[PDB]
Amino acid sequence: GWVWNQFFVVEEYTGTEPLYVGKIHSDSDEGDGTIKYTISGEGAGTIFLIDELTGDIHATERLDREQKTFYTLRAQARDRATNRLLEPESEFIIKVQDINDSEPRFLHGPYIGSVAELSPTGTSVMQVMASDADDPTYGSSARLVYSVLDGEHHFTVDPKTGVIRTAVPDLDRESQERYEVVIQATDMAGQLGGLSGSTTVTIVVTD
């Protein structure tokens, strides 16, 4: 069947006034105040507070999807005069939504490789893989694009794979044996506003 028992909440909420999660409600509620809505479970009475009359739920402190992706709660509908149930206690999930708040990070450094001297232009040297803690299944918050600096005219980098390639063929080891190239990974598919990380890759020329 269709899945409806859910609420969505943005993570890392910036406002002062509590964030509105939603509203649990019973189709028996005629709108007179005889029903008492109460919640329980993860974050109940701490993170999420409910208005026992209206059913409105609010988040009182910010949420982090990289820490916890969903909260499982239960909802009860009491009679305000007798505190007895008018609806079965029902599980409902609060899904916290991803935002691009995780920068790309090169976690496997120091990155060092080697390539033979006088190699052809386009020779695969090594590969670097940055990581992004955001949600890859929703939006480009974790879709990365690798690049070099504009003032780097010895090597290039594939944009989406991050494999380093030589940009010049006349690399004689005697003139200069060691190069330090910086690589940049940017999320949001490289569009402006995308977060970025960087690493220093040392590449050394062999015979």
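When you see a residue number, it is the position in the sequence shown, counting from 1.
Set 127 to 135 against 106 to 114 and average the Cα temperature factors; 106 to 114 ends up higher. The question of which stretch, 149 to 157 or 24 to 32, has the higher mean Cα B factor is settled in favour of 149 to 157. Going by the entry's values, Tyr179 shows the largest Cα B-factor out of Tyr179, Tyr37, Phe70, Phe48. Looking only at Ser141, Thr166, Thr54, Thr60, the residue with the top Cα B factor in the deposited structure is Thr166. Per the PDB record, residue ranking by Cα B-factor puts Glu42 in the middle third of the chain.
Remark: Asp64 belongs to the middle third of its chain, ranked by C-alpha B-factor as recorded.
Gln6: CA B factor in the lowest third of modelled residues in this chain (values from the PDB entry).
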